[PDB]
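Below you'll find the structure, written out as structure tokens, and then a few comments.
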Amino acid sequence: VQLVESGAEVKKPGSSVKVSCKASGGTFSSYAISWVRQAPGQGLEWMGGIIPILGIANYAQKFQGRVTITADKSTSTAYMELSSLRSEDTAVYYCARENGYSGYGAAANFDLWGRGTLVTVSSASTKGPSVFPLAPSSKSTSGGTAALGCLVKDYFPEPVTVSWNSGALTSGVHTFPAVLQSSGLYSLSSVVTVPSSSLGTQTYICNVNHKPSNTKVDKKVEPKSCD
Amino acid sequence: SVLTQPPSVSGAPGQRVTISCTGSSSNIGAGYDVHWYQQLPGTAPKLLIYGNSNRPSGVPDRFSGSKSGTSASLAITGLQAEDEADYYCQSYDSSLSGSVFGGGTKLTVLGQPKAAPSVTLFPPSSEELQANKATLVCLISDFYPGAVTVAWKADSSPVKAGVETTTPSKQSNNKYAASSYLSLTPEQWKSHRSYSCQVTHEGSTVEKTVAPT
Amino acid sequence: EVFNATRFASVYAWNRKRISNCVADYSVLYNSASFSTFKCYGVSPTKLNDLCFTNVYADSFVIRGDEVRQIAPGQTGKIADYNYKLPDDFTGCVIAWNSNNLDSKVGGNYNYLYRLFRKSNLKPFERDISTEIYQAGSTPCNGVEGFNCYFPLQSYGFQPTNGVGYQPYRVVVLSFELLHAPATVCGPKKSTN
Amino acid sequence: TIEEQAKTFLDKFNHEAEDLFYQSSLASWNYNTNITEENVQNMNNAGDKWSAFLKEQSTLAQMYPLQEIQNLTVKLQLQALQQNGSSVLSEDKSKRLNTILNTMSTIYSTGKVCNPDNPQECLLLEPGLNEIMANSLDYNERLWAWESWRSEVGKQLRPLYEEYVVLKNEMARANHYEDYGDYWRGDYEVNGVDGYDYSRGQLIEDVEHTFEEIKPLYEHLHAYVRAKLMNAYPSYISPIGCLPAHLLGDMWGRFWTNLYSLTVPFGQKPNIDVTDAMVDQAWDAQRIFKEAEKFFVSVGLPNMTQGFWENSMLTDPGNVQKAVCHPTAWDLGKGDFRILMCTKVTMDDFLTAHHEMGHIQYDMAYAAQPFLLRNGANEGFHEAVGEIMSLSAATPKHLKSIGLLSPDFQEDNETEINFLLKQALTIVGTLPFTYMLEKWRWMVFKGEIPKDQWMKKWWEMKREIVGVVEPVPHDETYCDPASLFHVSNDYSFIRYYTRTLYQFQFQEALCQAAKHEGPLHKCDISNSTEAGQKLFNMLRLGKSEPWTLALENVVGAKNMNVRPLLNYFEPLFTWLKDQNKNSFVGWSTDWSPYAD
Ligand SMILES: *[C@@H]1O[C@H](CO)[C@@H](O)[C@H](O)[C@H]1NC(C)=O
Ligand SMILES: *[C@@H]1O[C@H](CO)[C@@H](O)[C@H](O)[C@H]1NC(C)=O
Ligand SMILES: *[C@@H]1O[C@H](CO)[C@@H](O)[C@H](O)[C@H]1NC(C)=O
Ligand SMILES: *[C@@H]1O[C@H](CO)[C@@H](O)[C@H](O)[C@H]1NC(C)=O
Ligand SMILES: [Zn+2]
């Protein structure tokens with residue numbers, strides 16, 4: 001079968017995170033379910049494994065008593081609760097399945113895995129984003145091609161998409177990724193390439209969609225008059 | 001932690017590439033079976049081989065696993081176009097009371113040719129100046145590969161504050177593009193004479209400057 | 001750390017320790033005056049430090065007070081045949097003691113598990129971690145708690161307010177290996193006056 | 001197949017009911033200690049989940065057949081697991097008997113009958129009506145206390161007891177039985193063994209057979225107390241009719257030990273006592289359990305584990321918390337054994353300190369056995385093996401050798417007969433009451449007697465079986481026999497006739513191999529390690545072996561007999577025949593005090 005998990009989620013440094021583990025079909029109320037994490041920079045750790053039949057917890061000695069994993073038999077789902085987050089919790093968790101066997105080794109293997117839950121946490125929480133238009137000058141345009149776009153600053157959290165004329169522009173679009181700042185914030189860019197004969201007849205308008213904050217700012221782009 | 005792995009390994013497309021996994025005498029050498037996984041950057045890891053004796057459904061037979069005493073080995077034959085991932089050791093540790101993974105090896109040789117970059121310097125607009133901040137952007141595009149060192153100068157001293165570099169992504173025509181910001185304030189933006197972002201690429205240094213006045 | 005730790009393992013997946021490139025003294029394990037029962041077959045309990053062996057295999061798990069008599073070669077039951085079988089040529093040395101004030105708590109401590117059902121017998125010195133539902137009848141169940149299908153892994157009943165014959169007893173067995181190899185781990189010569 | 005499939009079904013109940021009975025008994029332990037509002041919620045939660053687990057496993061075991069297995073240990077326990085009880089009916093009748101059982105347990109608990117002169121000064125039942133009826137010397141006081149007690153509560157309990165008999169007969173009709181009386185007789189039935197079968201037609205045969213020789217002993221002691229009550233009350237008791245209903249010591253007439261102080265045949269000889277010897281020693285409850293533990297180890301019985309002294313009630317710490325006193329045992333499981341005793345420096349507390357202690361010694365026999373090997377077909381084995389050691393500890397020979405009784409007290413022909421008549425008030429006096437209470441209920445469950453003849457048939461057998469007389473005739477609107485402790489909570493009553501016949505068969509089988517060829521009232525089990533081995537060999541059986549096979553190697557008889565009962569009171573049988581020269585033996589059925 002297949003295990004489907006939640007998408008991206010952000011929280012506060014000192015709050016609780018509530019993610020889930022859904023199972024499609026059966027073979028979930030008969031085998032053990034564990035949680036394997038993975039962080040960029042180090043190896044893969046293992047928090048613990050929970051049996052759904054008897055409801056017995058089995059964690060490791062490297063993790064203290066701060067995370068609790070529960071199970072459900074009515075809808076065949078699993079929940080994960082973790083409070084008092086720290087600065088090194090920016091990782092992804094996986095909902096794995098265990099299938100034991102017989103032999104001299106008898107080691108726990110992970111034959112079935114989940115999708116993944118990107119759980120990142122830092123400062124500079126969600127606020128109102130500010131977009132600034134960008135216009136070319138007389139010196140920046142020497143031929144018949146001008147570069148312009150819209151810059152997105154002080155936005156949170158990821159992911160944020162940028163559309164051009166409600167998706168009417170496809171050729172010549174380029175979306176730049178984000179970058180970590182000293183304050184814990186991000187910034188992206190989006191520029192296009194249009195001929196110089198269309199700067200006085202057809203307008204270019206950027207539309208930003210930020211579904212976690214529910215803010216849609218529609219700004220105007222105009223060429224500069226002094227240069 | 002208790003399991004160490006080499007950071008990188010080199011190989012050729014058509015010869016045998018082997019990897020070695022070393023631990024202690026209580027997790028791998030005690031008698032427990034080993035499990036090898038593949039960590040692809042962009043999808044969830046799956047099961048490759050368990051117990052080093054059986055073959056799961058959906059995996060090719062080119063992977064060979066063996067246990068020589070206290071160390072496990074993985075040998076492959078032929079490098080295809082899907083081996084750009086990481087290989088880990090998973091073994092049950094009794095001192096840790098659970099399963100612990102290894103370090104991870106990256107399997108890539110060389111595949112990034114050179115090219116000629118093109119930079120664009122854009123000054124901040126008039127509406128950004130009243131926000132008590134100044135974001136000096138410096139866009140680089142149409143270059144290969146994506147390894148550019150970004151530096152800033154103000155005609156009298158290099159700027160070692162507020163410098164940021166983003167990672168380049170692949171374009172539609174097999175090129176890379178990136179951008180660099182400079183967090184400044186408008187109080188000192190008009191006092192200096194000019195600003196510039198200097199970058200290098202295999203010795204090629206392209207310089208572009210603007211003037212606020 | 002094998003004896004004194006924060007927690008232990010179960011009987012279906014127990015801790016396996018190998019002693020290599022070490023030297024030890026079995027005199028402090030005899031004059032502790034803290035163990036409940038002490039059985040040592042194949043070698044005398046006071047003349048095992050002079051003779052040298054190759055390897056030492058130590059397994060640690062938990063067991064009840066009424067099942068400490070089942071860790072012996074030559075009997076049948078429920079735990080000694082489905083979790084850890086003892087062969088005929090068993091020269092191990094079992095040490096058990098009571099630590100009921102650490103591995104149990106109020107409200108019901110059910111953290112340790114055990115296997116109750118099995119299809120057939122198993123070879124000694126073999127671990128069984130199979131979590132498959134043992135089918136009793138002739139029809140498949142496809143993993144459901146219905147009829148003719150029962151889960152083999154069941155929970156304990158450890159309570160610190162019990163008597164003597166049902167408390168969690170920390171039991172360890174120290175077995176020796178004899179192969180074509182020189183002496184590796186062995187008690188040396190006692191420092192006299 | 002069926003042999004390996006039934007093994008996985010039985011042990012799953014053995015490893016699950018050991019935890020369900022552990023938490024339900026834990027909720028009853030904190031309920032009796034500190035009476036809060038939250039401890040009763042743990043008993044209702046664990047009590048409902050235990051009843052829901054029994055009705056769920058009973059419907060699952062009905063699919064398995066019965067007539068294909070030849071093993072004896074699985075067949076006797078499969079009938080114990082297939083005990084639906086209240087779940088055989090629909091959802092309307094299953095909840096209806098739960099409300100009338102809670103209604104029966106609330107009105108009988110706070111029994112409050114008091115004065116018609118004033119409606120304020122009123123007293124409770126327990127221990128209210130038990131102390132006034134015990135210390136009473138007036139005839140008009142006990143006559144009013146017996147008429148008023150069945151005056152106000154007898155009107156309301158009758159329309160509810162007439163409904164309690166129809167739900168019990170309909171439950172047994174759907175349980176493939178004839179009436180509710182066969183459900184009690186079906187528990188004593190065995191199956192699987194050949195040559196040792198016990199049917200229901202023979203259960204009425206042997207009980208009527210042994211009653212024809214105990215009644216001659218009962219009518220001889222009935223004329224003895226009739227010859228003693230004439231000199232105390234010459235204008236109230238006549239030696240022609242029967243004994244009054246309010247002169248039975250207690251209210252229900254169960255224990256006749258209240259008339260021991262007024263029926264003393266020899267007042268010049270002092271009786272034995274332990275209270276006078278415990279004040280100069282400061283005898284505490286810890287010394288009670290310590291000297292009794294030394295008596296059990298010297299005969300061959302094993303010791304008690306360390307888990308008994310950890311969690312056990314010794315004394316009440318002041319009056320800060322309220323703790324009710326009822327002597328009972330709790331089988332928690334996994335070597336956990338608790339007791340509830342509120343010790344006092346009295347005479348009756350010493351007899352119950354060794355009786356209830358024998359229950360724990362019988363509970364430690366099946367220590368290595370699962371939940372499906374509890375007590376057998378009869379629950380009288382707990383009371384039988386627990387009171388044989390109390391009788392061996394109440395003899396003057398055991399108290400003299402232990403260092404408590406003074407050696408100057410000799411055993412002449414005047415102090416040994418008083419010990420026989422003292423035990424006859426609690427053992428022999430309840431034998432005719434058992435035949436009258438059980439046979440009246442065994443015929444009302446069938447339905448051969450109408451609803452207008454339940455009371456008239458009740459008073460007709462009380463003049464020929466037990467031989468009592470009534471000062472005021474009662475009509476059918478009264479409800480007399482529903483005021484007992486065992487009928488109010490659906491308890492068994494066959495166990496009382498078995499615990500009275502097994503307590504004397506065990507008293508003679510333990511010193512017959514101890515070269516004690518003397519009288520039975522002087523038998524003692526001190527310094528005999530060979531007698532403790534043959535006794536402990538059958539305490540660990542449980543429900544694996546029937547009761548007719550366990551006593552075959554002990555007393556050498558298949559069925560119960562009163563031959564030890566006829567030999568224990570042999571000095572008492574010679575004392576009743578030489579004193580009744582001028583008193584008439586027997587009674588008359590046509591005698592009544594209201595006809596004069
Ligand atoms: C009994 O319950 C009361 C309720 O307030 C509590 O105060 C007391 O501590 C309890 N006693 C024990 C022994 O738990
Ligand atoms: C039936 O089986 C039980 C346990 O498997 C055994 O103790 C008993 O002796 C068997 N019955 C017979 C008649 O062998
Ligand atoms: C119980 O009695 C036995 C036999 O006399 C003795 O060995 C043991 O120490 C006693 N245990 C306790 C706790 O008194
Ligand atoms: C057994 O005999 C000895 C010696 O006469 C005595 O001290 C002991 O009390 C006797 N045992 C009992 C239970 O009376
Ligand atoms: Zn009792």
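By order in the structure tokens, chains are A, B, ...; within a chain, residues start at 1; ligands start at 1, following the order shown.
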Residue hits in chain D, query chain C, radius 6 Å, only C-alpha atoms, as a tab-separated table (two decimals) with N, CA, C and O atoms, in the first residue's frame:
chain	number	residue	atom	x	y	z
D	5	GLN	N	-5.95	-25.38	18.02
D	5	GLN	CA	-6.72	-24.14	17.89
D	5	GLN	C	-7.34	-23.73	19.22
D	5	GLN	O	-7.45	-22.53	19.50
D	306	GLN	N	6.63	-12.22	50.57
D	306	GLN	CA	6.87	-10.88	51.11
D	306	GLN	C	5.86	-9.86	50.61
D	306	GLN	O	5.79	-8.76	51.17
D	307	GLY	N	5.07	-10.19	49.58
D	307	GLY	CA	4.07	-9.27	49.08
D	307	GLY	C	2.85	-9.12	49.97
D	307	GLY	O	2.04	-8.22	49.73
D	334	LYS	N	-0.92	-12.93	40.08
D	334	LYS	CA	0.53	-12.74	39.95
D	334	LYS	C	1.19	-12.62	41.32
D	334	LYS	O	2.04	-11.76	41.56
D	335	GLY	N	0.80	-13.51	42.23
D	335	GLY	CA	1.40	-13.55	43.55
D	335	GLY	C	1.02	-12.41	44.46
D	335	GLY	O	1.71	-12.16	45.45
D	336	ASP	N	-0.07	-11.70	44.16
D	336	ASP	CA	-0.54	-10.59	44.97
D	336	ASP	C	-1.72	-11.05	45.80
D	336	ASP	O	-2.74	-11.49	45.25
Write out as number ranges by chain every residue belonging to chain A that has an atom at most 7 Å from any atom of chain B, counting only C-alpha atoms.
-> A: 43-46, 60-61, 104-107, 109-113, 115, 132, 134, 176, 178-179
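Contacts from chain B to chain C at a cut-off of 7 Å (only C-alpha atoms) map to residues 25, 26, 30 and 94 of chain B.
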Using only C-alpha atoms and all ligand atoms, which protein or nucleic acid residues are at most 9 Å from ligand 2, as JSON, numbers by chain?
-> {"D": [3, 4, 7, 69, 70, 71, 72, 73, 74]}
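Neighbours of ligand 4 at a cut-off of 8 Å, computed so that only C-alpha atoms and all ligand atoms are counted, are the residues residues 294, 295, 296, 298, 299, 398, 401, 402, 525, 526 and 527 of chain D.
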Go through chain B and collect every residue that DSSP, computed from the backbone, puts in helix (DSSP H, G or I); the answer should be as a PyMOL selection string.
-> chain B and resi 129-131+186-189
Would you mind listing the residues within 7 Å of ligand 5, counting only C-alpha atoms and all ligand atoms, as number ranges by chain?
-> D: 328, 355-356, 359, 382-383
Output the selection as a compact mmCIF listing (two decimals), in the first residue's frame - N, CA and C atoms for each residue.
# COMPACT_ATOMS: atom_id res chain seq x y z
N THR D 328 -13.14 -10.23 53.96
CA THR D 328 -13.19 -10.87 52.66
C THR D 328 -11.79 -10.94 52.07
N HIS D 355 -9.39 -17.89 60.57
CA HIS D 355 -10.27 -18.40 59.53
C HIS D 355 -9.94 -17.75 58.20
N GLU D 356 -10.00 -16.43 58.15
CA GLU D 356 -9.69 -15.72 56.91
C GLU D 356 -8.24 -15.88 56.50
N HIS D 359 -7.90 -18.72 54.09
CA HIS D 359 -8.30 -18.43 52.73
C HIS D 359 -7.05 -18.06 51.92
N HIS D 382 -13.21 -23.27 50.30
CA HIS D 382 -12.47 -22.18 50.93
C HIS D 382 -12.80 -22.08 52.41
N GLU D 383 -14.07 -22.25 52.76
CA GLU D 383 -14.48 -22.16 54.16
C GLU D 383 -14.13 -23.43 54.93
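Residues with any atom within 12 Å of residue 180 (chain C), counting only C-alpha atoms and excluding same-chain neighbours fewer than 6 positions away, are residues 53, 54 and 55 of chain C.
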Export, as a CSV table (one decimal), in the first residue's frame, the selected residues with N, CA and C atoms.
chain,number,residue,atom,x,y,z
C,53,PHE,N,39.2,-18.6,27.2
C,53,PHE,CA,38.4,-18.9,26.1
C,53,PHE,C,38.7,-17.9,25.0
C,54,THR,N,37.9,-17.9,23.9
C,54,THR,CA,38.0,-17.1,22.7
C,54,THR,C,37.1,-15.9,22.8
C,55,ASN,N,35.8,-16.1,22.8
C,55,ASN,CA,34.8,-15.0,22.8
C,55,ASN,C,33.8,-15.2,23.9
Residues at most 8 Å from residue 76 (chain B), counting only C-alpha atoms, excluding those fewer than 5 positions away in the same chain, as a list in words?
-> residues 16, 17, 18, 62, 63 and 64 of chain B
Taking only C-alpha atoms and all ligand atoms into account, which residues are within 7 Å of ligand 1, as a ChimeraX atom specification?
-> /D:34-36
Residues within 7 Å of ligand 3, counting only C-alpha atoms and all ligand atoms, as a VMD selection string = chain D and resid 297 302 to 306
Neighbours of chain C in chain A at 10 Å, counting only C-alpha atoms, as a PDB file with C-alpha atoms, in the first residue's frame:
ATOM      1  CA  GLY A  26      -5.061  -1.864   4.997  1.00  0.00           C
ATOM      2  CA  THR A  27      -1.968  -3.602   6.443  1.00  0.00           C
ATOM      3  CA  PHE A  28      -1.549  -0.779   8.957  1.00  0.00           C
ATOM      4  CA  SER A  29      -3.233  -2.322  12.012  1.00  0.00           C
ATOM      5  CA  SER A  30      -0.990  -5.419  11.953  1.00  0.00           C
ATOM      6  CA  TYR A  31       2.643  -4.234  11.671  1.00  0.00           C
ATOM      7  CA  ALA A  32       4.748  -1.811  13.683  1.00  0.00           C
ATOM      8  CA  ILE A  51       2.943  -0.912  17.795  1.00  0.00           C
ATOM      9  CA  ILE A  53      -2.254  -3.397  18.166  1.00  0.00           C
ATOM     10  CA  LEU A  54      -1.251  -3.232  21.840  1.00  0.00           C
ATOM     11  CA  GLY A  55      -0.408   0.482  21.931  1.00  0.00           C
ATOM     12  CA  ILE A  56       3.047   0.153  23.496  1.00  0.00           C
ATOM     13  CA  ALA A  57       5.652   2.884  23.087  1.00  0.00           C
ATOM     14  CA  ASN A  58       9.280   2.062  22.295  1.00  0.00           C
ATOM     15  CA  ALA A  60      15.466   5.306  22.120  1.00  0.00           C
ATOM     16  CA  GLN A  61      17.781   6.418  24.909  1.00  0.00           C
ATOM     17  CA  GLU A  98       8.361  -2.596   9.781  1.00  0.00           C
ATOM     18  CA  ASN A  99       8.104  -6.237   8.676  1.00  0.00           C
ATOM     19  CA  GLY A 100       9.859  -8.688  10.973  1.00  0.00           C
ATOM     20  CA  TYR A 101      11.240 -12.055   9.927  1.00  0.00           C
ATOM     21  CA  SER A 102      13.236 -14.994  11.294  1.00  0.00           C
ATOM     22  CA  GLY A 103      16.953 -15.671  11.148  1.00  0.00           C
ATOM     23  CA  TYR A 104      20.219 -15.252  12.992  1.00  0.00           C
ATOM     24  CA  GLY A 105      20.286 -11.495  12.393  1.00  0.00           C
ATOM     25  CA  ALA A 106      16.652 -10.492  12.986  1.00  0.00           C
ATOM     26  CA  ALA A 107      17.103  -6.762  12.404  1.00  0.00           C
ATOM     27  CA  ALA A 108      14.355  -4.184  11.935  1.00  0.00           C
TER      28      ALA A 108
END
Near residue 83 (chain C), within 8 Å and counting only C-alpha atoms, which residues show up once chain neighbours fewer than 2 positions away are dropped, as a PDB file with N, CA, C and O atoms, in the first residue's frame?
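Final output, part_15.pdb:
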ATOM      1  N   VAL C  11      12.310  -9.741  25.063  1.00  0.00           N
ATOM      2  CA  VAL C  11      12.819 -11.083  24.808  1.00  0.00           C
ATOM      3  C   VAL C  11      12.767 -11.467  23.333  1.00  0.00           C
ATOM      4  O   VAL C  11      13.533 -12.348  22.909  1.00  0.00           O
ATOM      5  N   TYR C  12      11.894 -10.844  22.540  1.00  0.00           N
ATOM      6  CA  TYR C  12      11.878 -11.105  21.106  1.00  0.00           C
ATOM      7  C   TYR C  12      12.980 -10.354  20.371  1.00  0.00           C
ATOM      8  O   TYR C  12      13.367 -10.765  19.273  1.00  0.00           O
ATOM      9  N   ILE C  79       8.247 -19.943  27.065  1.00  0.00           N
ATOM     10  CA  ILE C  79       9.233 -18.909  26.785  1.00  0.00           C
ATOM     11  C   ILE C  79      10.541 -19.498  26.269  1.00  0.00           C
ATOM     12  O   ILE C  79      11.136 -18.965  25.333  1.00  0.00           O
ATOM     13  N   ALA C  80      10.997 -20.599  26.864  1.00  0.00           N
ATOM     14  CA  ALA C  80      12.290 -21.179  26.522  1.00  0.00           C
ATOM     15  C   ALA C  80      12.297 -21.896  25.178  1.00  0.00           C
ATOM     16  O   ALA C  80      13.364 -22.345  24.745  1.00  0.00           O
ATOM     17  N   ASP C  81      11.151 -22.018  24.507  1.00  0.00           N
ATOM     18  CA  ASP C  81      11.089 -22.674  23.210  1.00  0.00           C
ATOM     19  C   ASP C  81      10.634 -21.765  22.077  1.00  0.00           C
ATOM     20  O   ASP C  81      10.784 -22.144  20.909  1.00  0.00           O
ATOM     21  N   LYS C  85      16.002 -20.694  22.714  1.00  0.00           N
ATOM     22  CA  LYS C  85      16.170 -22.118  22.967  1.00  0.00           C
ATOM     23  C   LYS C  85      17.567 -22.400  23.503  1.00  0.00           C
ATOM     24  O   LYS C  85      18.549 -21.794  23.065  1.00  0.00           O
ATOM     25  N   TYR C 114       6.576  -9.898  24.922  1.00  0.00           N
ATOM     26  CA  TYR C 114       7.001 -11.286  24.789  1.00  0.00           C
ATOM     27  C   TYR C 114       6.170 -11.965  23.710  1.00  0.00           C
ATOM     28  O   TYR C 114       5.053 -11.540  23.406  1.00  0.00           O
ATOM     29  N   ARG C 115       6.731 -13.029  23.139  1.00  0.00           N
ATOM     30  CA  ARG C 115       6.051 -13.814  22.119  1.00  0.00           C
ATOM     31  C   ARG C 115       5.391 -15.027  22.763  1.00  0.00           C
ATOM     32  O   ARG C 115       6.018 -15.736  23.557  1.00  0.00           O
ATOM     33  N   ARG C 127      17.322 -15.331  16.999  1.00  0.00           N
ATOM     34  CA  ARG C 127      16.372 -14.307  17.407  1.00  0.00           C
ATOM     35  C   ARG C 127      15.172 -14.300  16.468  1.00  0.00           C
ATOM     36  O   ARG C 127      15.318 -14.479  15.256  1.00  0.00           O
ATOM     37  N   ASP C 128      13.986 -14.093  17.036  1.00  0.00           N
ATOM     38  CA  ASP C 128      12.734 -14.084  16.288  1.00  0.00           C
ATOM     39  C   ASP C 128      12.046 -12.743  16.506  1.00  0.00           C
ATOM     40  O   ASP C 128      11.603 -12.441  17.620  1.00  0.00           O
TER      41      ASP C 128
END
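Coordinates place CA of residue 166 (chain A) at a distance of 12.8 Å from CA of residue 203 (chain A).
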